[PDB]
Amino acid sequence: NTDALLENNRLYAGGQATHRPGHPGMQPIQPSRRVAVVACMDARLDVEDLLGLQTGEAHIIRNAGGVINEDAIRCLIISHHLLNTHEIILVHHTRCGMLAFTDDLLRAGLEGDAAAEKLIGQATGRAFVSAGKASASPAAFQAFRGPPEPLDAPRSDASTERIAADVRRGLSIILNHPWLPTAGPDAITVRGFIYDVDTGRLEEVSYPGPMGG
């Protein structure tokens, strides 16, 4: 499945769509390609479109960054163990917001630190307003490791490697989690990619490799 979807993505990047946007009618719950995709929530990604999936074929799991966190694992456990998927595709992407802030800055700005509140407005170009109270949850915002770049900055090699390292960490989480079988007769397989939002083209991340530093 994954190589056919990469060919659909080549077409997509070149200006030819493959996803059919109408309602498919009645379908069974099990994704028919036995695939789960974990991608960023970024509005510039339409995961079915950029892979040429059709409605009904894959679970589509999306969160800020496409990070493999506890919820992503919850989703993948359900997807495989209950709903029979056995392939996972990770789609991080270029110009991701998770490159542009740190957990501590956003936490301090929500808590009410006046400096952090102002700095978040300067980083985002919007009128960020502190909540003025602390919260235990979310315990982590899961910004990519490293110091921030400008929000929505053009590509750079440094940026690409930060995104790739986060993909590799997610591959390692999946390939080492006690409740996801990634070897043996019940095994799931996984591959990870970066979607370039401006070209439309996926590039694959190497694995094993560095996982964020």
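Residue indices: 1-based, along the sequence shown.
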Decide which of the stretches 138 to 146 and 76 to 84 has the higher mean C-alpha B-factor, going by the entry.
138 to 146
Which of 66 to 74 and 22 to 30 has higher mean CA B factor, as the PDB entry lists it
22 to 30
Taking the values straight from the PDB record, which of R169, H177, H59, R162 has the highest C-alpha temperature factor?
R162
Of the three thirds of its chain by CA temperature factor, lowest, middle or highest, which one includes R126?
highest
Position of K133 among the chain's modelled residues by C-alpha B-factor, lowest, middle or highest third
highest
Which third, lowest, middle or highest, does the CA B-factor of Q54 fall in along this chain?
middle
For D152, the third of its chain into which the C-alpha B factor falls
middle
Among the chain's modelled residues, which third holds the C-alpha B-factor of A115?
highest
